[PDB]
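> Have a look at this one.
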Amino acid sequence: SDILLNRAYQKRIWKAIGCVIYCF
Amino acid sequence: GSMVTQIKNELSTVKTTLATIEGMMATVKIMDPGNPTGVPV
Amino acid sequence: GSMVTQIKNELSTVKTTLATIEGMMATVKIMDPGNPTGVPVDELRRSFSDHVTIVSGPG
Amino acid sequence: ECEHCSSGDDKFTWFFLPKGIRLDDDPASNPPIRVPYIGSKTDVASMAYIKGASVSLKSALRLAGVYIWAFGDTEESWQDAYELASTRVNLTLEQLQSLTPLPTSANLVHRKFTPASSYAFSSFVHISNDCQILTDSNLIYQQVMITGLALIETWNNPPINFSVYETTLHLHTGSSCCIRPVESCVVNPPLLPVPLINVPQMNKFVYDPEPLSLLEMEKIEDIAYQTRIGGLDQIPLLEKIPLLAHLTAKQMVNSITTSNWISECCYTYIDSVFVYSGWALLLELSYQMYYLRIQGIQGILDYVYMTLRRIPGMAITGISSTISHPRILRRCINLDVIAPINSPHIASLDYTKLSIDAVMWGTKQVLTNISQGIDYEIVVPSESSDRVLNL
Amino acid sequence: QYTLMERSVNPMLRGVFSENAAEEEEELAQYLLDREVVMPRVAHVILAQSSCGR
Amino acid sequence: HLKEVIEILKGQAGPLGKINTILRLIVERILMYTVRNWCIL
Amino acid sequence: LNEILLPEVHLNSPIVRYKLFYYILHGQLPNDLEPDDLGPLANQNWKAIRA
Amino acid sequence: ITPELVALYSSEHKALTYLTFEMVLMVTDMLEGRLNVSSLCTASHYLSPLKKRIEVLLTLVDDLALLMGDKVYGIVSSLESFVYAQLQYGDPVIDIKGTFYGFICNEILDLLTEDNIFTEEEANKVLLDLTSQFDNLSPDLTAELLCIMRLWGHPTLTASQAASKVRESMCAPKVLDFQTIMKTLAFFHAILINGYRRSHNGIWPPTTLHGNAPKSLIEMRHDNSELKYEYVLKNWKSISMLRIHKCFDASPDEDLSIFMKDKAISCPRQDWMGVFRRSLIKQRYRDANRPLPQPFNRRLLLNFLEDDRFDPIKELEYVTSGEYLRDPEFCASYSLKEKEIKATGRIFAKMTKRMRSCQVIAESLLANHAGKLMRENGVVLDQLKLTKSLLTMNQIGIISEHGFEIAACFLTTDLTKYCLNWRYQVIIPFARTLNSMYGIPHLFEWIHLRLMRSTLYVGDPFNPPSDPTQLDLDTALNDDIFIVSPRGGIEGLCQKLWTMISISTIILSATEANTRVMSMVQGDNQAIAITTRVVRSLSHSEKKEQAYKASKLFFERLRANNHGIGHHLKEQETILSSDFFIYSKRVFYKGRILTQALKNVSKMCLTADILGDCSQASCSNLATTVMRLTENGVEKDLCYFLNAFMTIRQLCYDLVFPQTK
Ligand SMILES: [Zn+2]
Ligand SMILES: [Zn+2]
């Protein structure tokens, strides 16, 4: 059930992680 | 008695195949242009 | 229970033939003679002029 | 650069033909194809819908609706329409008034294979009236779109089979003398008495002595009494807008579970539209989530998210079209319903995912408000039973 | 069509034909048209959905 | 949300495409759950 | 009244070969028609028909 | 020039010809069409490439006409299909490219060498000359070479020759498959039930399950659930033999417009010779010592109008009671059809007043209640959504780059000879179930039953029977102008039932091959868009090859089914293409409808056929044809100029050629 992530998806995920860290 | 059951279950298949044969023969008979047929009601 | 067993095997023989007849009946051919001879209709008129209300299949 | 856009005028129907089209060539190379705009025929919202209505009954209803829309809605304007319908039916005045469709914006439409064009280059053409007002106006704008398509098609005549450059047609209808305002539906009483109209009472093809059954008469009487007492739009103006939002949300939910709702959504509360969309979808999925033993608000939210994500993209195109409209898009952005994310340009936005996000926001709002205790009204259209007990 | 309609004696179309049908249609068109504002579209529709128009 | 997956899997043993899209949606939802709650991990 | 019910201006009826054969045999018009070409018209007593 | 004949002689060729009035009208219509087509090809830059090719085609087929005679219209009708054969000569699929082209070339060779007018070498040379005018043209122009069809006039018609074709399609032995009939009947029942579910608030019709129905069918009837076609194909022995009871409260007098349309009615059988010219039959009647038959001139409309006691229920009682099969007055006859060049369809039939009224009532009953229930095909009365559906059907396989994709292979079938090939034994079950649904004991199986008991004939006033001793229709033999006991149906008559059967057969064949299709059956031409799933990354040629390979099984199943219900499908009728299909004589080529403007310009004449013959009517007709020209790709500037020019031309013609002094 593992899924793959496109490069833009990776940028999305890492930016979201940054946003979560910044806000939490 | 079990023998009976199987026989009832298998006679169900006999029923359905006999009904299929009956309907098929009815359709055949009603397919003769020689004798015009009318649908009931 | 034995008589009912004799009829148990014999009925299985019936089941199979009924299946077989159905097979052939399902593959029959409905043929229309047509008027190849070209006989005057007067002569060819050997057919009912009257509808018959016979029930086919269910009814 | 367009000379009408550059000088004051701003109303137009935008046409676009992409570059790189080669007919009778590889479909992959040329831009995507689509069924062009070939016309829009008649497409009633009456007080009560009658099933199996006779031709005479339909004709009488048409006559009464047109009469009331055109000449007025006084009591004598209703008496004259009732008499003229009585030349073709046998209904009494009360059921006539009740069954007659809405006397608002009457279309007045009145009455082998010949295609209007080859649809060669018109199948690749983009059309958008986003810079236009929009039932004479509807016919006018359909005519404008057809004229633009035919102009694009005659720009590349059948001798021409290629498009090495992308072309744009503006077709500005604004700043035009011909377009005019519309004023009608005044009260004009008849300056002449009603003529002695001979009527073929016995002829079934002209007059129907019994156009309504006893059950139909009972149902129409019940509907009229319920409207007179329970009411329909007697509610104040402050209550109509949320009710319109609720009704259009129910329509959207029934659609998902060129058709659009921009006309309604531009004149209602878009945040309330999506809130009631979430409420209606929750009502639809309540039994399914109950049989799956879902617990907690987040369980409902996850279930509705996956349900929205699993519907085909063609089904949600109705909501997509409404949200994609620039005015509705800006409204949704300003009400925090919609955030344009993960797209360099607005036109590249995933409007299907955007609509799913809007419905999810509405569902979350409904769940939170229910948890805090803010009850939400349930509407039961086509009911004056057991379906209300089910709802 | 008038020559066949006035000749018709069929049970259907028993009352369709009227000798003063033209006069009745003129009176009805006057009723719809002899108003403060003339609306030929409305008159055409109402005539076409009236008994004379049928 | 794997109940539908197991139901179709048992029914067939078309459906595989539905199986894959449901699995992808579930895993993506789990991924956003993780990203949203990344700090407390 | 015949000035309203004018003959057809365009074709609306099938072309019949035996109509032309009838009109060219009625007047004994010159022709190279074989006996089978005429079909049933060859057996007619054109004398009475001409009379 | 005489009122009856025109004697034309040319000293240059030393040729003398005689033209009757009808032939004079044909020649002047055909020459006007030639002038219009040639002048439009000269004028329009779009049609400019076609001028030389049309000229050479006209010259070659004119010399061929001089050489053969009336058989050159066979060559013309072959060119009619050779247009499509050349159109499918450029499809990506190798296994479908050139099949129709080669077969039509073979058929033209057969038509040229049947009478031994041309030897094999000469016939091949003539075929090459005919074909060379079709090659190296754009698809649009190859379709606009379908204007030439009426550019060579129409054949001289004879009753015997026209009767021979229908006497052979009918009156011929035809073997049918019981199972194929029962499978298509089961799918017919399934489609009827599904349509009645899609209407009437999603509930099954009143139905009575047979004794062979399984438990699953009993539960689906009880739950009022949709019958999936895969289920029907499995249990077809119970989906059939399923009696649908009365569903519609249909009445014969539901529609009045049907009764007020004039249809040709035949004379009573006792006087059937009154159609023929009095001169030809006078002597043969004198030698038999019998009175001359009374001429018949009544019309259906006038007869219906002048009935003091006319009840449509009593009209339908003619068929329902069985009186039609006993009426000694009943008489049906054909008559030569105008403006047709093909051997088939050269006649149309006329019946008696009571049986024409019964036929129109039955057709109205079918078209209003049961015909509405099957919409597996896309044809509807609304032309706008019809052409929208046609465009959507044609654009199935056209996907751009803006995984898996979709691919389409289109099949077009001609159903012209279907009417003659329908047999009672293959339609009786459908007729019986329709009778049950409508409540009528016996209505819809009337055409074949009445035809097998009556002798038909072709009624032409100048075509009397060859034998003068055959003065009664019943004793007539199966030769000359007679068709004794035709077992088949007549064109147009009971077409709704035949169309519904064809739709059921198409759906059965699609389900048997596990292939999605979108039929567009229309009575004459049916179009099927076979759909399959292909890899997106695949090449276009390979995508179309995969689509054709998927469509191969469906086409085989459709051929087998049509042969089972008695319609043998030949190479002429079917047209398999990965690019286009044909609907209503218009081709849908790669998301386009090809122009065929020359066909419209060929019928732009100098007067309207209406009786008043005003200048306004003629100018309006010209304007309508110019509108068609604008819609069919001709330059709009040229169309405007042409409209003004021919309006001026028509007014000047009416001024200088006054109809009345
Ligand atoms: Zn502009
Ligand atoms: Zn103006």
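Within each chain, counting starts at residue 1; across the structure tokens, chains are named A, B, ... in the order shown, with ligands numbered 1 upward in that order.
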Using only C-alpha atoms and all ligand atoms, find each residue with an atom at most 8 Å away from ligand 1 and format the answer as a list in words.
residues 1, 2, 3, 4, 5, 6, 9, 10, 11, 12, 169, 170, 171 and 172 of chain D
> Could those selected residues go to a file with N, CA and C atoms, as a PDB file, in the first residue's frame?

ATOM      1  N   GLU D   1      -4.031  44.272 -30.460  1.00  0.00           N
ATOM      2  CA  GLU D   1      -4.779  44.462 -29.192  1.00  0.00           C
ATOM      3  C   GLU D   1      -6.202  44.894 -29.558  1.00  0.00           C
ATOM      4  N   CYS D   2      -7.207  44.385 -28.847  1.00  0.00           N
ATOM      5  CA  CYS D   2      -8.605  44.676 -29.137  1.00  0.00           C
ATOM      6  C   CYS D   2      -8.879  46.167 -28.976  1.00  0.00           C
ATOM      7  N   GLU D   3      -9.567  46.745 -29.964  1.00  0.00           N
ATOM      8  CA  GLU D   3      -9.827  48.202 -29.991  1.00  0.00           C
ATOM      9  C   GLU D   3     -11.060  48.593 -29.178  1.00  0.00           C
ATOM     10  N   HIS D   4     -12.021  47.696 -29.015  1.00  0.00           N
ATOM     11  CA  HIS D   4     -13.177  47.961 -28.164  1.00  0.00           C
ATOM     12  C   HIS D   4     -12.830  47.822 -26.689  1.00  0.00           C
ATOM     13  N   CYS D   5     -12.036  46.809 -26.334  1.00  0.00           N
ATOM     14  CA  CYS D   5     -11.553  46.706 -24.961  1.00  0.00           C
ATOM     15  C   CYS D   5     -10.673  47.894 -24.603  1.00  0.00           C
ATOM     16  N   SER D   6      -9.820  48.323 -25.533  1.00  0.00           N
ATOM     17  CA  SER D   6      -8.925  49.443 -25.283  1.00  0.00           C
ATOM     18  C   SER D   6      -9.650  50.778 -25.207  1.00  0.00           C
ATOM     19  N   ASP D   9     -15.498  50.240 -23.895  1.00  0.00           N
ATOM     20  CA  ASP D   9     -16.405  49.057 -23.921  1.00  0.00           C
ATOM     21  C   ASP D   9     -15.783  47.851 -23.255  1.00  0.00           C
ATOM     22  N   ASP D  10     -16.581  47.138 -22.480  1.00  0.00           N
ATOM     23  CA  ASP D  10     -16.054  46.000 -21.739  1.00  0.00           C
ATOM     24  C   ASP D  10     -16.966  44.778 -21.755  1.00  0.00           C
ATOM     25  N   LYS D  11     -18.040  44.779 -22.539  1.00  0.00           N
ATOM     26  CA  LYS D  11     -18.932  43.630 -22.648  1.00  0.00           C
ATOM     27  C   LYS D  11     -18.641  42.899 -23.952  1.00  0.00           C
ATOM     28  N   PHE D  12     -18.340  41.605 -23.861  1.00  0.00           N
ATOM     29  CA  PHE D  12     -17.968  40.843 -25.045  1.00  0.00           C
ATOM     30  C   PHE D  12     -18.095  39.355 -24.765  1.00  0.00           C
ATOM     31  N   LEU D 169     -11.222  36.027 -30.760  1.00  0.00           N
ATOM     32  CA  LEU D 169     -12.330  36.854 -31.213  1.00  0.00           C
ATOM     33  C   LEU D 169     -13.038  37.426 -29.995  1.00  0.00           C
ATOM     34  N   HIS D 170     -13.283  38.726 -29.987  1.00  0.00           N
ATOM     35  CA  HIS D 170     -13.925  39.366 -28.823  1.00  0.00           C
ATOM     36  C   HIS D 170     -15.425  39.552 -29.033  1.00  0.00           C
ATOM     37  N   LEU D 171     -15.896  40.072 -30.139  1.00  0.00           N
ATOM     38  CA  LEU D 171     -17.330  40.147 -30.428  1.00  0.00           C
ATOM     39  C   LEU D 171     -18.071  40.948 -29.355  1.00  0.00           C
ATOM     40  N   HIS D 172     -17.724  42.228 -29.286  1.00  0.00           N
ATOM     41  CA  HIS D 172     -18.257  43.106 -28.255  1.00  0.00           C
ATOM     42  C   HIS D 172     -19.696  43.486 -28.575  1.00  0.00           C
TER      43      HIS D 172
END
> Tell me which protein, DNA and RNA residues are within 10 Å of stretch 6-16 of chain H, counting only C-alpha atoms, leaving out same-chain ones fewer than 6 positions away, and put them as a ChimeraX atom specification.
/G:24,29-31 /H:23-24
> To one decimal place in Å, what is the distance between atom CA of residue D:303 and atom CA of residue F:28?
13.7 Å
> Please provide as a list in words all residues within 6 Å of stretch 15-26 of chain C, with the sequence filter that same-chain residues fewer than 3 positions apart are discarded (counting only C-alpha atoms).
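Contacts, in chain order: residues 14 and 21 of chain B; 12 of chain C; 179 of chain H.
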> So that I can see what lies close to residue H:552, please list as an MDAnalysis selection string the residues with an atom at most 12 Å from it, counting only C-alpha atoms and leaving out residues fewer than 4 positions away in the same chain.
chainID H and resid 95:96 409:411 509:510 513:515 530:532 545:548 556:559 576:578
> Write to file, as a CSV table (one decimal), in the first residue's frame, the residues of the selection just made, with N, CA and C atoms.

chain,number,residue,atom,x,y,z
H,95,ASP,N,-5.4,-3.6,-41.7
H,95,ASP,CA,-6.3,-4.7,-42.0
H,95,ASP,C,-7.7,-4.2,-42.4
H,96,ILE,N,-8.0,-2.9,-42.3
H,96,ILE,CA,-9.3,-2.4,-42.8
H,96,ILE,C,-9.1,-1.4,-43.9
H,409,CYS,N,-13.8,2.4,-32.8
H,409,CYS,CA,-13.9,1.9,-34.2
H,409,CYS,C,-15.4,1.9,-34.5
H,410,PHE,N,-15.7,2.6,-35.7
H,410,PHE,CA,-17.1,2.8,-36.1
H,410,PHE,C,-17.5,1.9,-37.1
H,411,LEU,N,-18.7,1.4,-37.0
H,411,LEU,CA,-19.3,0.4,-37.9
H,411,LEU,C,-20.7,1.0,-38.5
H,509,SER,N,-25.5,-8.3,-29.1
H,509,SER,CA,-24.2,-8.5,-29.6
H,509,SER,C,-23.1,-7.8,-28.9
H,510,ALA,N,-23.4,-6.6,-28.4
H,510,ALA,CA,-22.5,-5.8,-27.6
H,510,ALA,C,-22.2,-6.5,-26.3
H,513,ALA,N,-20.0,-9.7,-26.6
H,513,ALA,CA,-18.6,-9.5,-26.8
H,513,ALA,C,-17.9,-8.6,-25.7
H,514,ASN,N,-18.7,-8.3,-24.6
H,514,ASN,CA,-18.2,-7.6,-23.5
H,514,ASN,C,-17.6,-6.2,-24.0
H,515,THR,N,-18.3,-5.6,-24.9
H,515,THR,CA,-17.8,-4.4,-25.5
H,515,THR,C,-18.9,-3.3,-25.3
H,530,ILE,N,-18.0,1.2,-31.7
H,530,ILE,CA,-17.3,0.3,-30.8
H,530,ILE,C,-16.2,1.0,-30.0
H,531,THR,N,-16.3,0.8,-28.6
H,531,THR,CA,-15.4,1.5,-27.7
H,531,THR,C,-14.5,0.5,-26.9
H,532,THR,N,-13.3,0.8,-26.8
H,532,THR,CA,-12.3,0.0,-26.1
H,532,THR,C,-11.3,0.8,-25.3
H,545,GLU,N,-5.3,0.2,-34.2
H,545,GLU,CA,-5.2,-1.3,-34.5
H,545,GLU,C,-5.8,-2.0,-33.3
H,546,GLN,N,-5.5,-1.6,-32.1
H,546,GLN,CA,-6.1,-2.2,-30.9
H,546,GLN,C,-7.6,-2.1,-30.9
H,547,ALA,N,-8.1,-0.9,-31.2
H,547,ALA,CA,-9.5,-0.6,-31.3
H,547,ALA,C,-10.2,-1.6,-32.3
H,548,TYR,N,-9.6,-1.7,-33.5
H,548,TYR,CA,-10.1,-2.6,-34.5
H,548,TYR,C,-10.1,-4.1,-34.1
H,556,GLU,N,-18.2,-9.7,-35.4
H,556,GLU,CA,-18.5,-11.1,-35.7
H,556,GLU,C,-19.8,-11.5,-35.0
H,557,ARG,N,-20.0,-11.1,-33.7
H,557,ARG,CA,-21.2,-11.4,-33.0
H,557,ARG,C,-22.4,-10.8,-33.6
H,558,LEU,N,-22.3,-9.5,-34.1
H,558,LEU,CA,-23.4,-8.8,-34.7
H,558,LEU,C,-23.8,-9.5,-36.0
H,559,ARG,N,-22.8,-9.9,-36.8
H,559,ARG,CA,-23.1,-10.7,-38.0
H,559,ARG,C,-23.8,-12.0,-37.7
H,576,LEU,N,-16.8,-0.8,-42.1
H,576,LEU,CA,-16.0,-0.8,-40.9
H,576,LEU,C,-14.9,0.3,-41.1
H,577,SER,N,-14.9,1.3,-40.2
H,577,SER,CA,-13.9,2.3,-40.3
H,577,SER,C,-13.5,2.8,-38.9
H,578,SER,N,-12.2,3.1,-38.8
H,578,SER,CA,-11.7,3.7,-37.5
H,578,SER,C,-11.8,5.2,-37.5
> Mind checking which residues fall within 9 Å of residue C:38, counting only C-alpha atoms, ignoring those fewer than 4 positions away in the same chain, and posting them as an mmCIF file with C-alpha atoms, in the first residue's frame?

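That gives us out.cif:
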data_model
loop_
_atom_site.group_PDB
_atom_site.id
_atom_site.type_symbol
_atom_site.label_atom_id
_atom_site.label_comp_id
_atom_site.auth_asym_id
_atom_site.auth_seq_id
_atom_site.Cartn_x
_atom_site.Cartn_y
_atom_site.Cartn_z
ATOM 1 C CA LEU C 44 -51.186 -21.277 -51.175
ATOM 2 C CA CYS H 171 -41.108 -15.592 -51.333
ATOM 3 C CA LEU H 477 -48.604 -16.800 -61.032
ATOM 4 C CA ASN H 478 -45.311 -15.755 -59.436
ATOM 5 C CA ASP H 479 -43.983 -13.998 -62.525
ATOM 6 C CA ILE H 483 -45.617 -11.267 -56.311
ATOM 7 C CA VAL H 484 -47.588 -14.256 -55.031
ATOM 8 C CA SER H 485 -47.760 -14.646 -51.239
#
> So that I can check the surroundings of stretch 6-18 of chain A, please list as number ranges by chain every protein, DNA and RNA residue that reaches within 9 Å of it, counting only C-alpha atoms and ignoring chain neighbours fewer than 5 positions away.
A: 23; D: 342; F: 32, 35-36, 38-39
> Could you save the residues just selected, with N, CA and C atoms, as a short mmCIF file (atom, residue, chain, number, x, y, z; two decimals), in the first residue's frame?

data_model
loop_
_atom_site.label_atom_id
_atom_site.label_comp_id
_atom_site.auth_asym_id
_atom_site.auth_seq_id
_atom_site.Cartn_x
_atom_site.Cartn_y
_atom_site.Cartn_z
N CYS A 23 3.91 27.02 13.13
CA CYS A 23 2.68 27.33 13.84
C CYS A 23 2.50 26.52 15.11
N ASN D 342 -1.29 25.79 -4.42
CA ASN D 342 -0.63 24.81 -5.28
C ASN D 342 -1.01 25.01 -6.75
N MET F 32 -1.51 13.03 5.42
CA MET F 32 -1.84 14.36 5.92
C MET F 32 -2.14 14.37 7.41
N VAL F 35 1.40 14.62 8.76
CA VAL F 35 1.99 15.94 8.54
C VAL F 35 1.36 16.98 9.46
N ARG F 36 0.04 16.91 9.64
CA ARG F 36 -0.63 17.85 10.53
C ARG F 36 -0.17 17.67 11.97
N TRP F 38 2.76 16.39 12.92
CA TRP F 38 4.18 16.10 12.84
C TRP F 38 4.92 16.49 14.11
N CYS F 39 4.51 17.58 14.75
CA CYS F 39 5.23 18.08 15.92
C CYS F 39 5.18 17.09 17.08
#
> Around ligand 2, out to 10 Å and counting only C-alpha atoms and all ligand atoms, which residues are there? I want them as a list in words.
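With only C-alpha atoms and all ligand atoms and a cut-off of 10 Å, ligand 2 is contacted by residues 175, 176, 177, 178, 179 and 180 of chain D.
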> With N, CA and C atoms retained, could you export that selection as a compact mmCIF listing (two decimals), in the first residue's frame?

# COMPACT_ATOMS: atom_id res chain seq x y z
N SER D 175 -21.82 48.72 -25.73
CA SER D 175 -21.67 49.94 -26.51
C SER D 175 -22.42 49.76 -27.82
N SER D 176 -23.54 49.04 -27.77
CA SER D 176 -24.34 48.80 -28.97
C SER D 176 -25.72 49.40 -28.81
N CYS D 177 -26.18 50.12 -29.82
CA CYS D 177 -27.48 50.76 -29.78
C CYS D 177 -28.57 49.73 -29.67
N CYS D 178 -28.41 48.60 -30.35
CA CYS D 178 -29.47 47.61 -30.39
C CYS D 178 -29.86 47.01 -29.05
N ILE D 179 -28.92 46.74 -28.16
CA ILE D 179 -29.35 46.16 -26.90
C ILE D 179 -30.23 47.18 -26.19
N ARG D 180 -31.34 46.73 -25.60
CA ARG D 180 -32.27 47.65 -24.94
C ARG D 180 -32.79 47.11 -23.62
> Would you mind reading off the distance between atom CA of residue H:634 and atom CA of residue H:87, one decimal, in Å?
20.5 Å
> One number please: atom CA of residue D:310 to atom CA of residue H:229, in Å, one decimal.
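About the pair atom CA of residue D:310 and atom CA of residue H:229: they are 25.1 Å apart.
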> So that each row is one residue of chain G with an atom at most 7 Å from chain H, can you give its shortest atom pair and the distance in Å to one decimal, using only C-alpha atoms, rows by chain and rising number, as a tab-separated table?

residue	atom	partner	partner_atom	distance
G:3	CA	H:660	CA	6.8
G:4	CA	H:612	CA	6.8
G:5	CA	H:611	CA	6.7
G:8	CA	H:609	CA	6.7
G:9	CA	H:609	CA	6.1
G:10	CA	H:25	CA	5.6
G:11	CA	H:25	CA	5.4
G:12	CA	H:338	CA	6.3
G:13	CA	H:338	CA	4.9
G:14	CA	H:338	CA	3.9
G:15	CA	H:156	CA	5.4
G:16	CA	H:157	CA	5.0
G:17	CA	H:156	CA	4.9
G:18	CA	H:462	CA	5.9
G:19	CA	H:462	CA	5.7
G:20	CA	H:20	CA	6.0
G:40	CA	H:466	CA	4.8
G:49	CA	H:279	CA	6.1
> Just list as a PyMOL selection string whatever in chain E DSSP marks as alpha helix (DSSP H).
chain E and resi 2-7+21-33+40-48
> Could you list, as a list in words, every residue of chain H that has an atom within 6 Å of an atom of chain D, counting only C-alpha atoms?
residues 46, 398, 399, 400, 401, 402, 592, 593 and 631 of chain H
> Taking 3 positions as the minimum chain separation for residues in the same chain, which residues sit within 8 Å of residue B:41 when counting only C-alpha atoms? Answer as a list in words.
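Here the qualifying residues turn out to be residues 436, 439, 440 and 441 of chain H.
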> For the selection just defined, write its residues with N, CA, C and O atoms to a file, as a short mmCIF file (atom, residue, chain, number, x, y, z; two decimals), in the first residue's frame.

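Everything below was put into part-v8.cif:
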data_model
loop_
_atom_site.label_atom_id
_atom_site.label_comp_id
_atom_site.auth_asym_id
_atom_site.auth_seq_id
_atom_site.Cartn_x
_atom_site.Cartn_y
_atom_site.Cartn_z
N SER H 436 -49.43 -7.77 -25.53
CA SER H 436 -49.73 -7.91 -24.12
C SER H 436 -49.55 -6.60 -23.37
O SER H 436 -50.39 -6.22 -22.54
N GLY H 439 -52.42 -4.40 -24.30
CA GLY H 439 -53.73 -4.95 -24.01
C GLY H 439 -54.49 -5.48 -25.21
O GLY H 439 -55.54 -6.09 -25.03
N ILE H 440 -53.98 -5.27 -26.42
CA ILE H 440 -54.63 -5.74 -27.64
C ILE H 440 -54.32 -7.22 -27.82
O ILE H 440 -53.15 -7.61 -27.75
N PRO H 441 -55.32 -8.09 -28.01
CA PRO H 441 -55.00 -9.51 -28.20
C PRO H 441 -54.13 -9.80 -29.41
O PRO H 441 -53.25 -10.65 -29.34
#
> Per DSSP on the backbone, what are the strand (DSSP E) residues of stretch 71-309 of chain D, as number ranges by chain?
D: 126-128, 162-163, 167-169
> Could you write out that same residue set with C-alpha atoms as a PDB file, in the first residue's frame?

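Result file follows (selection_29.pdb):
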ATOM      1  CA  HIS D 126     -13.185  28.196 -26.183  1.00  0.00           C
ATOM      2  CA  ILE D 127     -16.164  30.440 -25.385  1.00  0.00           C
ATOM      3  CA  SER D 128     -16.718  32.522 -22.251  1.00  0.00           C
ATOM      4  CA  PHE D 162      -4.363  24.055 -40.252  1.00  0.00           C
ATOM      5  CA  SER D 163      -3.859  26.640 -37.524  1.00  0.00           C
ATOM      6  CA  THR D 167      -6.616  33.463 -32.743  1.00  0.00           C
ATOM      7  CA  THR D 168      -8.918  35.371 -30.396  1.00  0.00           C
ATOM      8  CA  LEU D 169     -12.330  36.854 -31.213  1.00  0.00           C
TER       9      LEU D 169
END
> Could you give me, as CSV, every chain H residue with an atom at most 10 Å from chain B, plus its closest atom pair and distance in Å to one decimal, counting only C-alpha atoms, rows ordered by chain then number?

residue,atom,partner,partner_atom,distance
H:178,CA,B:28,CA,8.1
H:179,CA,B:24,CA,9.3
H:182,CA,B:24,CA,8.6
H:210,CA,B:19,CA,7.3
H:211,CA,B:19,CA,5.1
H:212,CA,B:16,CA,3.8
H:213,CA,B:16,CA,6.8
H:214,CA,B:16,CA,7.5
H:237,CA,B:20,CA,6.6
H:238,CA,B:20,CA,7.6
H:240,CA,B:23,CA,9.1
H:241,CA,B:23,CA,6.1
H:242,CA,B:23,CA,9.5
H:243,CA,B:39,CA,9.8
H:245,CA,B:41,CA,8.7
H:246,CA,B:41,CA,8.6
H:320,CA,B:38,CA,8.8
H:321,CA,B:38,CA,9.8
H:322,CA,B:36,CA,8.7
H:325,CA,B:36,CA,9.3
H:423,CA,B:33,CA,9.1
H:424,CA,B:33,CA,6.3
H:425,CA,B:31,CA,4.7
H:426,CA,B:31,CA,7.6
H:427,CA,B:31,CA,8.5
H:428,CA,B:31,CA,6.1
H:429,CA,B:27,CA,7.2
H:431,CA,B:39,CA,9.4
H:432,CA,B:39,CA,6.1
H:433,CA,B:39,CA,7.9
H:434,CA,B:39,CA,9.4
H:435,CA,B:39,CA,6.6
H:436,CA,B:39,CA,6.0
H:437,CA,B:41,CA,9.7
H:438,CA,B:41,CA,9.5
H:439,CA,B:41,CA,6.0
H:440,CA,B:41,CA,7.0
H:441,CA,B:39,CA,4.6
H:442,CA,B:38,CA,4.9
H:443,CA,B:38,CA,8.6
H:445,CA,B:36,CA,8.6
H:446,CA,B:36,CA,9.1
H:448,CA,B:33,CA,7.9
H:449,CA,B:33,CA,6.3
H:450,CA,B:33,CA,9.9
H:452,CA,B:33,CA,8.4
H:453,CA,B:34,CA,9.6
H:487,CA,B:33,CA,9.3
> With distances taken over only C-alpha atoms, which residue among H:250, H:43, H:601, H:143 lies nearest residue H:582?
H:143
